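J.: Have a look at this one before I ask anything.
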Ligand SMILES: [Ca+2]
Ligand SMILES: [Ca+2]
Ligand SMILES: [Mg+2]
Ligand SMILES: [Mg+2]
Ligand SMILES: [Mg+2]
């Protein structure tokens, strides 16, 4: 079968790789670092934190809060699975990461920042989060420009977090409730998504009455104030219906844009009213046995296939709901096994039932090219380079196959290969249920400390110009950092020479003339300096300190410096052949990687050798 515990452990871990902001010292990876550190600076509010949505760096609060609410729902339903697998700390840290950010997004009563980053600008650059150079604007809703869905989705996240944190951190639970109440009030009074516009084209909302009910249900569970339960039920007639019927919609599934499925499931458990039981069973039946002659499509290999986008996201989310409902005493007895069989079949399809895993870094032949900027780690603003991902973003569930099980693992294949917060949300809960039922031990003390697979800072050089009394070098430093990607503003390199022939000529080695084209306004080439005069070794120091060299573009990641060292005009004793840094030097202005012109990062040699 499959190791569900390991799968669960990695799915939770996926979110740690999505983190924006000031990362914890207790971090268990060596390729993510501080990023989005000025988030909210444009409005004077600290909005750092939260999770990047998918393979991009925009913080879209609707999917983000849907995600944390779903993870909290799983912890609420299956704490015993989390405790037994030893993953409780990790999922709670994830839930708190998202919710600490939503709290920051509600700086004052009635104001809610729902996004940080501009989709257009963010998506136009392909590089690691740590070195983003573009503006990252903050967007907000308030009484005048409402966002009922995003406010209520966030209230649901906060309230569900309060439910699962109440026992261990009652104060934080109260903090979450305070903000949840404010955002729900905003949403409920407004009943409009008219001011929620910055996510247009990415996460535009098509409904908010579902979010209102979902939020109200969670606020009821968090506060035990039945005022919220009444509100939750009051919005039901306003939920979307199946076309030309008065029947609550049942042909889609729980997802960031439609949470009435989870709301009605919860309402059935909380009230035992037939309306809700019938509604959730209609949805679950449509997804399994079919209902009234209608049924979700199934691929030949057994994937319940809803839509071309995020098919696995949908199937595994429905698997979670089927698992939760199947365990409830109110579930029609004959359907319990049907629903539990569906949970297993859909999860197993994601884990490996077709012969390969659709979970990054897990199982057999997992996806190698998810559409994800930071895991790929390009240093040249190119989706195509490197031709492999520098990092393994463990746990990420890819979009999924087409309706015939077709799947292409390529970085530019969004339909099959995008990865996102919401894709792993329901999946995580379904995995907890499978772990509870079939086991599979998580990897003990699992960390994502990767080996550095490419020299992070290198230098290429070649002979630019030459003569009987001089040598001119063309050198290019490249920032190829990835563990973590980072700005290298304290780089320098040294070019070593043996000037024994200068001393022999009766000339002061320090009198030779050095000179320098060069990319980078701060490029400074020194005069000849002593290094090991007992062996007649001198050098030229080239300092690039101050240069904003970063792994985010062809020009951004490199600095070219051309420099020359010259003996007096008319002389012929200059001998570059006994110079340490000249040995092997490429004979033209077409540079190549050299190991004898060492590169230093803040005075520490990081590439190459010294004499
Ligand atoms: Ca909605
Ligand atoms: Ca020499
Ligand atoms: Mg820090
Ligand atoms: Mg490949
Ligand atoms: Mg020598």
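Just so it is clear, chain A uses Swiss-Prot numbers, and the residues here are 38-553, 555-649, in order.
Header lists the method as X-ray crystallography, 1.6 Å.
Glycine residues also receive a Cβ, built from the backbone N, Cα and C atoms like all the rest.
The feature active site, nucleophile is assigned by Swiss-Prot to 93. According to Swiss-Prot, the active site annotation covers 408, 446, 455.
Describe the structural surroundings of these features, if you would.
T.: Proximity of residue 93 (active site, nucleophile) to non-local residues of its own chain (separation of 6 or more, Cβ distance below 8 Å) is seen for 154, 156, 159, 160, 410, given in sequence order.
The Cβ neighbour count for residue 408 (active site), using a 10 Å radius over every protein chain in view, is 24.
DSSP classifies residue 446 (active site) as coil under the three-state reduction.
For residue 455 (active site), applying a Cβ distance below 8 Å and a minimum sequence separation of six or more within one chain yields 91, 92, 347, 407, 408, 435, 436.
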J.: According to DSSP, which of helix, strand or coil covers residue 93 (active site, nucleophile)?
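T.: Coil, per DSSP.
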